[PDB]
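First, one chain by itself: the form deposited in one PDB entry, in structure tokens.
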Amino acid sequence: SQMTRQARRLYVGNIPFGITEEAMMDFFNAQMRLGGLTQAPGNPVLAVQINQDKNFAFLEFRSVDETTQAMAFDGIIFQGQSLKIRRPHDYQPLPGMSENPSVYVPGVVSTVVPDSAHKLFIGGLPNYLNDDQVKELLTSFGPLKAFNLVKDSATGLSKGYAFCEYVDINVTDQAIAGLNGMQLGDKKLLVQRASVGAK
């Protein structure tokens, strides 16, 4: 249906270099099924359009409700990268239909890290570390509620700093103690609440 198309599409950012539309479709169709999010036989994702130059994709789903459920995959790791899943900017919630996902996907860590009391900044990361490896560094201290590694939009290369929020706010000081000042060749990690050094 044409009226619901805006409510059946999602933006996916930070996609792996060189990924094909078929590989992305298969990934999401499988994850939807394995996660218990798919609501009928057959594929929930109908199509994927990739903008290779600009590093983003749009997924199109067969139903409004499956599209909403797929928002729960925000931050899922695909080929080392934390996929950013968002509504299209022109999306308008429909009457009587839900706007937010209802099913949690175990192990998936959101990419939305709002400014808050215990949001952490991690600066000085080696630029060869992908999203997955930086997530593992941080998860050593405890489970994350949210995380984003900052990249150069034109090249896709890590800018060497990230933000995060732990599930347990009390882990924040443990990560600071374990990581702040750590020396890595020419780099020295700065790990502190992001409010301390925000511009």
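Shifts are known only where both forms have a C-alpha. Rigid core here is just the name for the largest C-alpha set that superposes within 1.5 Å across the two forms. The numbering used is simple: start at 1 and walk along the sequence shown.
Unshown form deposited in another entry; subsequent notes refer to it.
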* Choose, among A162, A57, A70, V45, the residue with a C-alpha displacement of 2 Å or more between this form and the one not shown when the rigid core is used for superposition. => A162
* To do: For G142, decide whether the Cα shift between this form and the one not shown is 2 Å or greater, given a superposition on the rigid core.
  => yes
* Is the C-alpha displacement of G181 equal to or greater than 2 Å between this form and the one not shown once the rigid core has been superposed? -> yes
* Verify the C-alpha shift of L190 between this form and the one not shown: is it 2 Å or more after superposing the core? => yes
* To do: Relative to what we see here, could you say if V167 and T67 have their Cα atoms closer or farther apart in the other form, with a change of 3 Å or more?
  => closer
* To do: Once you account for a change of 3 Å or more, let me know if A146 and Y91 sit closer or farther in the other form, using their C-alpha atoms.
  => closer
* Which parts of the chain move between this form and the one not shown, counting only runs of three or more residues whose C-alpha shifts are all 2 Å or more after core fitting? -> 94-96, 117-195
